[PDB]
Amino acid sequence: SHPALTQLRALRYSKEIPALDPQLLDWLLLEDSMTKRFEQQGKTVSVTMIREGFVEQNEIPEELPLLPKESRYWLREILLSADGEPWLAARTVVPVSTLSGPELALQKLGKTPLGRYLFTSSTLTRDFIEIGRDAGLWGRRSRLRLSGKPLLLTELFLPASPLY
């Protein structure tokens, strides 16, 4: 596990998106993962794997209300670094029914960071996003659909990141 993932799981969300300055909203509402956006800053991005594998409902209490109830889910928790400096922690939960067809690849991603560049085959949409916060830090959670199949993606922005 990891202190940053512990922090990510403590974020508290608002049903309504706050009226933040537009520079900060550009970042939080971005329709993609942070990969290319961070590279844009003049950085090399790398992933540290914290935890990966199949888990049962009891391991995903925060996400369960937002996804289909199934026997198993694929869990992916990472730390994203920019030139060696941690900038983000992320937690992705995929119901196993979403793992079919091209989407089965979500399972073999490893240390490659997630991004729209990887799913050119599938159709991508987001039906919900909320902004959260904890102890001065910003986070967000989104339900994305690949070819109609859902997954939940949560991101915590570390203070080293450009949002601050």
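Just count from 1 along the sequence shown to find any residue number.
For the segment pair 116-124 and 49-57, the entry gives 116-124 the higher mean B-factor, averaged over Cα atoms.
The question of which stretch, 131-139 or 31-39, has the higher mean Cα B factor is settled in favour of 131-139. Ranked within its chain, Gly148 lands in the middle third, by CA B factor from the PDB record. In this PDB entry, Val96 carries a Cα temperature factor that places it within the lowest third of its chain's modelled residues.
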